[PDB]
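Visitor: Sending over a structure as structure tokens; questions will come in a sec.
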Amino acid sequence: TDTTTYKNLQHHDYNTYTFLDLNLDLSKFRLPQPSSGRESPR
Amino acid sequence: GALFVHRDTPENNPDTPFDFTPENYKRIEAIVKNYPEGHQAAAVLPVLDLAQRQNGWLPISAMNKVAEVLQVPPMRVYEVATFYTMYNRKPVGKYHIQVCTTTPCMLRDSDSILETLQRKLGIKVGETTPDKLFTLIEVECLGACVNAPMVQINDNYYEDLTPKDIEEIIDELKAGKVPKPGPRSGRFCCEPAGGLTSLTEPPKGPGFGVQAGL
Amino acid sequence: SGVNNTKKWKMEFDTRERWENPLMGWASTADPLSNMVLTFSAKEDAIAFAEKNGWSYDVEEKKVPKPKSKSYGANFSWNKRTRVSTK
Amino acid sequence: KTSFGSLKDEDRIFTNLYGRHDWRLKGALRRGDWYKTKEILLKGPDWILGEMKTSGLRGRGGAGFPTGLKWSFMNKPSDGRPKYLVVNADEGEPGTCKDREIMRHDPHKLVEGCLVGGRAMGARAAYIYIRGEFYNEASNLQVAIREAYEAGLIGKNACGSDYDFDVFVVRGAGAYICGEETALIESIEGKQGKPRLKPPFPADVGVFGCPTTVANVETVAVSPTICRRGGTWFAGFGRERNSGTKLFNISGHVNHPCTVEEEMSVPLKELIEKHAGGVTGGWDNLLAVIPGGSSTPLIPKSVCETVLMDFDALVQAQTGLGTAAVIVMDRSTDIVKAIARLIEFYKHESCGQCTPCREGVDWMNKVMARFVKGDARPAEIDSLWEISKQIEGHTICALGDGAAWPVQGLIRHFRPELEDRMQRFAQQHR
Amino acid sequence: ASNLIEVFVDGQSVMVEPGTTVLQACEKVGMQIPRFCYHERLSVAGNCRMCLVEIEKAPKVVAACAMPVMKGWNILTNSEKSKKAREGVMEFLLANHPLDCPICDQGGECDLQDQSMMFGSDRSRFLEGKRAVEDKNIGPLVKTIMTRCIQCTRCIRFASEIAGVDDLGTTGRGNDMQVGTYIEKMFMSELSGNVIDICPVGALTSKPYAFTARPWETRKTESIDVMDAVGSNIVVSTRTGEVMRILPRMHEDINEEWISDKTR
Ligand SMILES: Cc1cc2nc3c(=O)[nH]c(=O)nc-3n(C[C@H](O)[C@H](O)[C@H](O)COP(=O)(O)O)c2cc1C
Ligand code: SF4
Ligand code: SF4
Ligand code: SF4
Ligand code: FES
Ligand code: FES
Ligand SMILES: [K+]
């Protein structure tokens, strides 16, 4: 119930790969993607 | 300032060595899996940004490598890399200082911040220090306007800046230590200075004010 | 892209010899009906004029451009190949 | 009610606006997020859309369009294509930091709102397009999303409601035009940030050609609190048709520039004198206010005396409520220089696709620079007004309108200042 | 009237199929709405904004090249809002367009000049300096003077959709948006002189035809191409008894609007 202290200090120790490492960690939790029926629109 | 054409140079020709690290290829695979099948062209921006984060700047070989990986046209990759302003098509320093110079930062005197930065680094805007440690440019609004004036150094925001504060940040960067982000004026975030006008009470907690029938 | 010159029928003549003037290099001609172009409101009117003046004619039917189905949303198709890659 | 303002802390939605509590899942659950969200999802799409409609929430993006109708545009049977919620988290507009603050301080509100809106419209995923410069905010958002996935609030059983929903975060790469709806859709699809024409509307053909809905972070984040506490409460706040609370970012020449949450229809003088600490030098030292970010025109002190903070009130004041970004300028402000800096911003941020915004905004930037120098004659004021009228309403997207409106406000109010600058330049050269 | 909707152009009724755009309805009635980026065989771009027209009882002008008619719309093609919109868009194009008309191969063949004379104003209010763009070197067939380019993306859409090469595009942003290739690339496929055809300005001109003649000089002879067995209908432009140019002819069943590079 503390209120006089800033509590976003976790953003200080972020490196340049933090976002993509989190995304790679998140990749296992996701549903399979839909398919458009072709490999590419060419 | 910049030119949206490519001239082959010995440092930026399409034979300069760029390739992703294997862990970066794993990250690229996750990025591609974030999108529906047949729409892997949606991963152009994150893969190009990953190339920039690995390499520093973005050479034409890096753009061609991103195009070759994603099987998209290299002209489409060039269109993205030239449209978006966060892509470095030329090498920058170790620290890329971006000083916001839009209207509320100008009201809170970003010009003094810019002039003291030019005096401290010995360079003009848009150019690099000769030791390749600092590039200094002006930018538009960075989305922190109540904390004006502010700069962005790489991925960090340094806010509520005075000339003494920005000189201290430059001293820490030259010394090689992190200057820590956030405001330098003694307030933690966007809160009002000299006390809080709101949110003084503790939050009410779960199940407060819930409508009946839910 | 303007189409205002495709509204009226024209009758022209077969092209004859244009040679080089020895003195000056100009385009000398010998037929008088080289610049003769006649404008008609209708194909049958041009037919009547040609038959009246006793000239053999070749008639080309009017090439009206075909109607085309245009959809701006086809540029952003989910599955079809009409999805564009740039704008 | 007749007078509006003085919003209570127990009625404020963003209870962790200042980052004084834990922004992670434990702190969010202590503050009351993710409460009965399974019951909300089992109540289902039509009930949530009815709750938004009876709340009368309007778009916090700056468009001002009703949220209930806009989200009910996707309340259709599926034609085999997937459906998507897309969250505008770019926050490009000057003067505005509210989306940044709530993304880095209440991210679980944004995640729960993504789930609620995606269930209401029928959606398998929400793509949060965040601003490219907000790297730490995006990483905090990904931490919150990983916490939600681990707790089972997101993904293949949405809080145990037999609903599958995924939340992706996609970063931009520095374009203010990518905060636009269709340009954001194109940027997610991987092309340049160029807006596409309407029709087709994004509820029919949007991201990946699928039906989609682009909604602001503030709108999405206040959606689950609206569902929990009812639309009658949120409609009871604010005036008629301008209902609820609002995040105001007061910046410029004020003593305490800050982001605050206040009720709709609060007087502008009351908001500044209560939360910003007043104008630097005082209310008499106040000169002009841009009330809705850079896209809205300016209003002078005389109409700033009694104006309210409603969409309708600012429309009557010949302005708009944009992102509720109140930029304050005092008597020492070079007002022509400030407006010219805004036009230079729009010149640097135009996507360049369509001719009126491209050529005309560059033209207006050059004319405004000469106006700052005084290097013009007063006929060019009416010429610039006509150029702004040619830009406005003739463009693909509303960046042309948002560049024409500040020029129109400056010409409408501070025209003798421009004429005085031209006269002083003329007499000092000739 | 099954699967047809009745719309009005200047109060005149016309039955059109659903999905017909405003421009197509107006050309069915018989009037040609001004355009720069719309081409009947390219995809809809909608960026030049020359086709802005007024719909009755509607406050905002719509882009006729992209907006489909709904039902009972009265399209006011010659109303004051439409005329003002055309004048404004023409002013915006000619503000940065370079004063190159005597030295430009699009002399009497200029859509920009003709639509300026028919729909724009007669004078300029632009008192500033113009932009200038360095030229590109996409090949010895197409000569690029990209200062004249109005960023209409016709060449980009053609090379993407018909030539199928995906080599052209726009690099940059805002007033600095430039059409071309980012790298020094030679754009050489077959069917590559049709960008010289469909570029409305003289930004993409023909290098063999450079500075040779003018369209009012050139006599037009409608003939057939024999360089292959397709039999593409062409126009031979001859001046003073000398073949000056080969252009295509519109034949929907053979070659549509284009000819091969060898033919051209
Ligand atoms: C040039 C331009 C830039 C915009 N930038 C943003 C932005 O950064 N963030 C945002 O939420 N909306 C932005 N908008 C407004 C969007 O249209 C709006 O957010 C979107 O329609 C979501 O609708 P909503 O207001 O109902 O939530 C921008 C609009 C324009 C024309
Ligand atoms: S108004 Fe400007 S930013 Fe919007 S589509 Fe047109 S060129 Fe792009
Ligand atoms: S393209 Fe047309 S308007 Fe431009 S210089 Fe050539 S003839 Fe003149
Ligand atoms: S070069 Fe010509 S066809 Fe291509 S965008 Fe420019 S004006 Fe259009
Ligand atoms: S205007 Fe400088 S951060 Fe927004
Ligand atoms: S012809 Fe419609 S905008 Fe160009
Ligand atoms: K041409």
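Note that chain B is numbered according to Swiss-Prot, with residues 35-248 shown in order.
So this one's electron microscopy, 2.9 Å, going by the header.
Including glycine, each Cβ sits where the backbone N, Cα and C put it.
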Visitor: To which residue among B:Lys60, B:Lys128, B:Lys211 does Swiss-Prot attach the annotation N6-acetyllysine?
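Guide: The residue tagged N6-acetyllysine by Swiss-Prot is B:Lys60.
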Visitor: In Swiss-Prot, which of B:149-168, B:229-248 is tagged region 'Disordered'?
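Guide: Going through B:149-168, B:229-248 one by one, Swiss-Prot gives region 'Disordered' for B:229-248.
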Visitor: Out of the recorded positions I have (B:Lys60, B:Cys134, B:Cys139, B:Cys175, B:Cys179, B:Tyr192), which ones have their Cβ sitting under 6 Å from ligand 5?
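Guide: Listed by sequence, the hits are B:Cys134, B:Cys139, B:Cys175, B:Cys179.
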Visitor: Whole-number answer please: how many Å between the C-alpha atoms of B:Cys175 ([2Fe-2S] cluster binding site) and B:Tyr192 (phosphotyrosine)?
Guide: 14
Visitor: Given the binding-site residues B:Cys134, B:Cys139, B:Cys179, find the one whose Cα is closest in space to the Cα of B:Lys60 (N6-acetyllysine).
Guide: B:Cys134
Visitor: Other than its own, how many Cβ atoms are within 10 Å of the Cβ belonging to B:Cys139 ([2Fe-2S] cluster binding site)?
Guide: 30
Visitor: Identify, in sequence order, the binding-site residues in B:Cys134, B:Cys175, B:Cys179 that approach chain D with a C-beta to C-beta distance under 8 Å; the answer is 'none' if none do.
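Guide: Contact set vs D: B:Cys175, B:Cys179.
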Visitor: Within 10 Å of the Cβ of B:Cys134 ([2Fe-2S] cluster binding site), how many other Cβ atoms are there?
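Guide: Taking every protein chain into account, the count is 26.
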Visitor: For B:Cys139 ([2Fe-2S] cluster binding site), which of the three DSSP-derived states applies: helix, strand, or coil?
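Guide: Reduced to three states, the DSSP call for B:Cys139 ([2Fe-2S] cluster binding site) is helix.
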Visitor: If one measures from the C-alpha of B:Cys139 ([2Fe-2S] cluster binding site) to the C-alpha of B:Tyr192 (phosphotyrosine), what distance in angstrom results, rounded to a whole number?
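Guide: B:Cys139 ([2Fe-2S] cluster binding site) to B:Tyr192 (phosphotyrosine), Cα-Cα distance: 13 Å.
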Visitor: Using a Cβ-Cβ cut-off below 8 Å, which of the recorded positions B:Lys60, B:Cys175, B:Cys179, B:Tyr192 are near chain A?
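Guide: So the ones by chain A are B:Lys60.
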